[PDB]
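One file, input39.pdb, carrying PDB, C-alpha atoms and all ligand atoms:
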```pdb
MODEL        1
ATOM      1  CA  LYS A   1     -89.870 -65.397 -81.170
ATOM      2  CA  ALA A   2     -91.571 -68.735 -81.821
ATOM      3  CA  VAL A   3     -94.223 -71.188 -80.711
ATOM      4  CA  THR A   4     -93.025 -73.573 -78.030
ATOM      5  CA  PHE A   5     -94.747 -76.906 -77.506
ATOM      6  CA  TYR A   6     -94.421 -78.669 -74.157
ATOM      7  CA  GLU A   7     -94.735 -82.283 -73.116
ATOM      8  CA  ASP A   8     -96.467 -81.695 -69.766
ATOM      9  CA  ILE A   9     -99.180 -79.479 -68.347
ATOM     10  CA  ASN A  10     -98.223 -75.923 -67.424
ATOM     11  CA  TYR A  11     -95.189 -75.879 -69.737
ATOM     12  CA  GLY A  12     -93.438 -78.802 -68.070
ATOM     13  CA  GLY A  13     -91.240 -81.578 -69.430
ATOM     14  CA  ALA A  14     -89.527 -81.621 -72.819
ATOM     15  CA  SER A  15     -90.165 -78.697 -75.156
ATOM     16  CA  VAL A  16     -89.701 -77.859 -78.833
ATOM     17  CA  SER A  17     -89.983 -74.496 -80.560
ATOM     18  CA  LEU A  18     -91.185 -73.967 -84.124
ATOM     19  CA  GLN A  19     -91.393 -71.074 -86.563
ATOM     20  CA  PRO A  20     -94.497 -70.365 -88.686
ATOM     21  CA  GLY A  21     -95.375 -73.184 -91.090
ATOM     22  CA  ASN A  22     -97.525 -76.247 -91.803
ATOM     23  CA  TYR A  23     -96.020 -79.310 -90.160
ATOM     24  CA  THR A  24     -97.059 -82.918 -90.817
ATOM     25  CA  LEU A  25     -96.549 -85.804 -88.397
ATOM     26  CA  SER A  26     -93.288 -86.756 -90.098
ATOM     27  CA  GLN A  27     -91.955 -83.211 -89.826
ATOM     28  CA  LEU A  28     -92.973 -82.907 -86.162
ATOM     29  CA  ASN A  29     -91.129 -86.160 -85.450
ATOM     30  CA  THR A  30     -88.029 -84.862 -87.251
ATOM     31  CA  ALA A  31     -88.218 -81.759 -85.050
ATOM     32  CA  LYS A  32     -88.212 -84.145 -82.075
ATOM     33  CA  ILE A  33     -91.938 -83.850 -81.327
ATOM     34  CA  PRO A  34     -93.545 -87.288 -80.750
ATOM     35  CA  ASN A  35     -97.111 -88.084 -81.749
ATOM     36  CA  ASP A  36     -99.846 -87.719 -79.099
ATOM     37  CA  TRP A  37     -97.557 -85.879 -76.692
ATOM     38  CA  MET A  38     -98.304 -82.131 -76.709
ATOM     39  CA  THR A  39    -100.063 -80.899 -73.545
ATOM     40  CA  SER A  40     -99.305 -77.161 -73.428
ATOM     41  CA  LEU A  41     -97.773 -74.400 -75.545
ATOM     42  CA  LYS A  42     -96.712 -70.761 -75.579
ATOM     43  CA  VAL A  43     -97.884 -68.548 -78.450
ATOM     44  CA  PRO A  44     -96.532 -65.087 -79.404
ATOM     45  CA  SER A  45     -99.203 -62.371 -79.376
ATOM     46  CA  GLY A  46    -100.683 -61.989 -82.839
ATOM     47  CA  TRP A  47     -99.889 -65.567 -83.871
ATOM     48  CA  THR A  48    -102.377 -68.400 -84.425
ATOM     49  CA  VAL A  49    -101.837 -72.112 -83.794
ATOM     50  CA  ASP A  50    -104.087 -74.737 -85.350
ATOM     51  CA  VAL A  51    -103.528 -78.165 -83.796
ATOM     52  CA  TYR A  52    -105.016 -81.063 -85.731
ATOM     53  CA  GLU A  53    -105.968 -84.447 -84.301
ATOM     54  CA  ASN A  54    -104.927 -86.307 -87.455
ATOM     55  CA  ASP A  55    -102.114 -86.066 -89.996
ATOM     56  CA  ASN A  56    -102.084 -83.623 -92.891
ATOM     57  CA  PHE A  57    -104.213 -81.056 -91.083
ATOM     58  CA  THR A  58    -107.407 -83.099 -90.821
ATOM     59  CA  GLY A  59    -109.564 -84.410 -88.008
ATOM     60  CA  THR A  60    -110.628 -82.208 -85.109
ATOM     61  CA  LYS A  61    -108.932 -78.803 -85.079
ATOM     62  CA  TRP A  62    -108.103 -76.921 -81.857
ATOM     63  CA  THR A  63    -107.042 -73.281 -82.155
ATOM     64  CA  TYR A  64    -104.775 -71.304 -79.805
ATOM     65  CA  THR A  65    -103.800 -67.626 -79.864
ATOM     66  CA  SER A  66    -102.142 -67.199 -76.460
ATOM     67  CA  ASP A  67    -100.071 -69.153 -73.939
ATOM     68  CA  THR A  68    -101.913 -72.320 -72.964
ATOM     69  CA  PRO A  69    -100.941 -74.253 -69.797
ATOM     70  CA  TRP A  70    -103.457 -76.938 -70.765
ATOM     71  CA  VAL A  71    -104.787 -77.556 -74.281
ATOM     72  CA  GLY A  72    -107.901 -79.248 -72.920
ATOM     73  CA  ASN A  73    -109.052 -82.787 -72.193
ATOM     74  CA  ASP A  74    -110.035 -83.588 -75.784
ATOM     75  CA  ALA A  75    -106.949 -81.973 -77.308
ATOM     76  CA  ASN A  76    -104.421 -83.377 -74.825
ATOM     77  CA  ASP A  77    -101.808 -85.698 -76.335
ATOM     78  CA  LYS A  78    -103.513 -85.632 -79.729
ATOM     79  CA  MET A  79    -101.508 -83.243 -81.921
ATOM     80  CA  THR A  80    -100.569 -85.122 -85.093
ATOM     81  CA  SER A  81    -100.151 -82.138 -87.460
ATOM     82  CA  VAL A  82    -100.162 -78.375 -86.919
ATOM     83  CA  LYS A  83    -100.337 -75.046 -88.732
ATOM     84  CA  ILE A  84     -98.587 -71.972 -87.304
ATOM     85  CA  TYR A  85     -99.222 -68.416 -88.494
ATOM     86  CA  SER A  86     -97.533 -65.140 -87.622
ATOM     87  CA  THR A  87    -100.994 -63.693 -88.278
TER      88      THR A  87
HETATM   89 CA    CA A 101     -98.231 -85.058 -72.643
HETATM   90 CA    CA A 102    -103.920 -88.040 -82.785
ENDMDL
END
```

For this file, write the structure as structure tokens.
Amino acid sequence: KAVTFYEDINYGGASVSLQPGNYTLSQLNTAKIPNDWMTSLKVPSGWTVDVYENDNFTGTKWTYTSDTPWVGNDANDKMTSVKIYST
């Protein structure tokens, strides 16, 4: 299992899956995830996803613990860095 980030609302468009870890903007890009692009994501039960508005896990932080068809108006297309936990 893994966290899957999607380009469009309700899990539409391009997608990219990631294992637990702390990913910076550069690392997201390498994994084929553009900046200000994430709109929805699926999260395994028991996992936690901290999406940060700025690089290096700073700026506003939005947390998700279950499938999310829409991250929210403020959080939409703002993920620049992200921490993923299997806890
Ligand atoms: Ca988008
Ligand atoms: Ca941003």

Evaluate the PyMOL selection byres (((chain A and resi 73-78) around 8) and not hetatm) here and jot the selected residues down as a ChimeraX atom specification.
/A:35-39,52-54,62,70-72,79-80

Just the residues within 9 Å of residue 12 of chain A, please, counting only C-alpha atoms, with nothing from its chain fewer than 3 positions along; format it as a PyMOL selection string.
chain A and resi 6-9+15+39-40+69

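Proximity to residue 18 of chain A was assessed for A:51, A:84, A:67, A:34 counting all atoms listed in the file; the smallest distance is recorded for A:84.
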
Which value, in Å to one decimal, gives the distance between atom CA of residue 26 of chain A and atom CA of residue 46 of chain A?
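Calculated distance between atom CA of residue 26 of chain A and atom CA of residue 46 of chain A is 26.8 Å.
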
Can you report as JSON the centre and edge lengths in Å, to one decimal, of an axis-aligned box around the listed atoms of segment 5-24 of chain A padded with 3 Å on each side?
```
{"center_x": -94.4, "center_y": -76.6, "center_z": -79.6, "size_x": 15.7, "size_y": 18.6, "size_z": 30.4}
```

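Between atom CA of residue 30 of chain A and atom CA of residue 16 of chain A there is a distance of 11.1 Å.
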
Separation of atom CA of residue 65 of chain A and atom CA of residue 4 of chain A, in Å?
12.4 Å

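Distances from A:48, A:1, A:55, A:85 to residue 25 of chain A were compared using all atoms listed in the file, and the smallest one belongs to A:55.
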
Picked residues, the PyMOL selection byres (((chain A and resi 19) around 12) and not hetatm), as a PDB file with C-alpha atoms, keeping the file's coordinate frame:
```pdb
ATOM      1  CA  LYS A   1     -89.870 -65.397 -81.170  1.00  0.00           C
ATOM      2  CA  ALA A   2     -91.571 -68.735 -81.821  1.00  0.00           C
ATOM      3  CA  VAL A   3     -94.223 -71.188 -80.711  1.00  0.00           C
ATOM      4  CA  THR A   4     -93.025 -73.573 -78.030  1.00  0.00           C
ATOM      5  CA  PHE A   5     -94.747 -76.906 -77.506  1.00  0.00           C
ATOM      6  CA  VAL A  16     -89.701 -77.859 -78.833  1.00  0.00           C
ATOM      7  CA  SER A  17     -89.983 -74.496 -80.560  1.00  0.00           C
ATOM      8  CA  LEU A  18     -91.185 -73.967 -84.124  1.00  0.00           C
ATOM      9  CA  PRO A  20     -94.497 -70.365 -88.686  1.00  0.00           C
ATOM     10  CA  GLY A  21     -95.375 -73.184 -91.090  1.00  0.00           C
ATOM     11  CA  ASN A  22     -97.525 -76.247 -91.803  1.00  0.00           C
ATOM     12  CA  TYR A  23     -96.020 -79.310 -90.160  1.00  0.00           C
ATOM     13  CA  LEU A  28     -92.973 -82.907 -86.162  1.00  0.00           C
ATOM     14  CA  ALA A  31     -88.218 -81.759 -85.050  1.00  0.00           C
ATOM     15  CA  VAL A  43     -97.884 -68.548 -78.450  1.00  0.00           C
ATOM     16  CA  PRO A  44     -96.532 -65.087 -79.404  1.00  0.00           C
ATOM     17  CA  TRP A  47     -99.889 -65.567 -83.871  1.00  0.00           C
ATOM     18  CA  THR A  48    -102.377 -68.400 -84.425  1.00  0.00           C
ATOM     19  CA  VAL A  49    -101.837 -72.112 -83.794  1.00  0.00           C
ATOM     20  CA  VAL A  82    -100.162 -78.375 -86.919  1.00  0.00           C
ATOM     21  CA  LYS A  83    -100.337 -75.046 -88.732  1.00  0.00           C
ATOM     22  CA  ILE A  84     -98.587 -71.972 -87.304  1.00  0.00           C
ATOM     23  CA  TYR A  85     -99.222 -68.416 -88.494  1.00  0.00           C
ATOM     24  CA  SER A  86     -97.533 -65.140 -87.622  1.00  0.00           C
TER      25      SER A  86
END
```

I need the residue nearest ligand CA 101 (chain A) from this list: A:29, A:24, A:11, A:56. Use all atoms listed in the file for the distance.
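Of the candidates, the smallest distance to ligand CA 101 (chain A) is held by A:11.
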
Pick out the closest residue to ligand CA 102 (chain A) from this set: A:45, A:58, A:10, A:66. Count all atoms listed in the file.
A:58

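Ranking A:41, A:68, A:87, A:57 by their shortest atom-to-atom distance to ligand CA 102 (chain A), with only C-alpha atoms and all ligand atoms included, puts A:57 first.
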
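Candidate residues A:59, A:14, A:64, A:32 were compared for distance to ligand CA 102 (chain A), and the nearest is A:59, using all atoms listed in the file.
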
Segment 61-79 of chain A rebuilt with N, CA and C atoms, output as an mmCIF file, in the coordinates of the input:
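The resulting file, part38.cif, is shown below:
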```cif
data_model
loop_
_atom_site.group_PDB
_atom_site.id
_atom_site.type_symbol
_atom_site.label_atom_id
_atom_site.label_comp_id
_atom_site.auth_asym_id
_atom_site.auth_seq_id
_atom_site.Cartn_x
_atom_site.Cartn_y
_atom_site.Cartn_z
ATOM 1 N N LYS A 61 -109.900 -79.894 -85.131
ATOM 2 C CA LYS A 61 -108.932 -78.803 -85.079
ATOM 3 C C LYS A 61 -109.108 -77.876 -83.872
ATOM 4 N N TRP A 62 -108.077 -77.787 -83.033
ATOM 5 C CA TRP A 62 -108.103 -76.921 -81.857
ATOM 6 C C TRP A 62 -107.225 -75.712 -82.145
ATOM 7 N N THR A 63 -107.758 -74.523 -81.884
ATOM 8 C CA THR A 63 -107.042 -73.281 -82.155
ATOM 9 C C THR A 63 -106.569 -72.547 -80.901
ATOM 10 N N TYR A 64 -105.339 -72.037 -80.937
ATOM 11 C CA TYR A 64 -104.775 -71.304 -79.805
ATOM 12 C C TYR A 64 -104.087 -70.020 -80.243
ATOM 13 N N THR A 65 -104.380 -68.926 -79.543
ATOM 14 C CA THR A 65 -103.800 -67.626 -79.864
ATOM 15 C C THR A 65 -103.069 -66.966 -78.692
ATOM 16 N N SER A 66 -102.847 -67.723 -77.624
ATOM 17 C CA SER A 66 -102.142 -67.199 -76.460
ATOM 18 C C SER A 66 -101.588 -68.365 -75.653
ATOM 19 N N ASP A 67 -100.655 -68.089 -74.744
ATOM 20 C CA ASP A 67 -100.071 -69.153 -73.939
ATOM 21 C C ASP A 67 -101.163 -70.044 -73.367
ATOM 22 N N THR A 68 -100.938 -71.351 -73.434
ATOM 23 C CA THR A 68 -101.913 -72.320 -72.964
ATOM 24 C C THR A 68 -101.269 -73.375 -72.071
ATOM 25 N N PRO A 69 -101.506 -73.292 -70.749
ATOM 26 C CA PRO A 69 -100.941 -74.253 -69.797
ATOM 27 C C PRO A 69 -101.590 -75.629 -69.900
ATOM 28 N N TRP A 70 -102.726 -75.690 -70.584
ATOM 29 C CA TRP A 70 -103.457 -76.938 -70.765
ATOM 30 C C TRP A 70 -104.350 -76.815 -71.997
ATOM 31 N N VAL A 71 -104.041 -77.597 -73.027
ATOM 32 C CA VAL A 71 -104.787 -77.556 -74.281
ATOM 33 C C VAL A 71 -106.228 -78.057 -74.178
ATOM 34 N N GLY A 72 -106.551 -78.738 -73.087
ATOM 35 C CA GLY A 72 -107.901 -79.248 -72.920
ATOM 36 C C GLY A 72 -107.927 -80.767 -72.914
ATOM 37 N N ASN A 73 -108.941 -81.338 -72.279
ATOM 38 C CA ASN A 73 -109.052 -82.787 -72.193
ATOM 39 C C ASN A 73 -109.101 -83.495 -73.547
ATOM 40 N N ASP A 74 -109.912 -82.979 -74.467
ATOM 41 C CA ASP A 74 -110.035 -83.588 -75.784
ATOM 42 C C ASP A 74 -108.764 -83.438 -76.609
ATOM 43 N N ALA A 75 -108.152 -82.262 -76.542
ATOM 44 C CA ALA A 75 -106.949 -81.973 -77.308
ATOM 45 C C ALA A 75 -105.645 -82.499 -76.712
ATOM 46 N N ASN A 76 -105.655 -82.903 -75.445
ATOM 47 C CA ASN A 76 -104.421 -83.377 -74.825
ATOM 48 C C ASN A 76 -103.817 -84.617 -75.483
ATOM 49 N N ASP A 77 -102.510 -84.577 -75.714
ATOM 50 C CA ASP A 77 -101.808 -85.698 -76.335
ATOM 51 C C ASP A 77 -102.453 -86.163 -77.632
ATOM 52 N N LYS A 78 -102.907 -85.232 -78.462
ATOM 53 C CA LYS A 78 -103.513 -85.632 -79.729
ATOM 54 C C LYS A 78 -102.916 -84.963 -80.961
ATOM 55 N N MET A 79 -102.099 -83.932 -80.773
ATOM 56 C CA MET A 79 -101.508 -83.243 -81.921
ATOM 57 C C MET A 79 -100.753 -84.206 -82.828
#
```
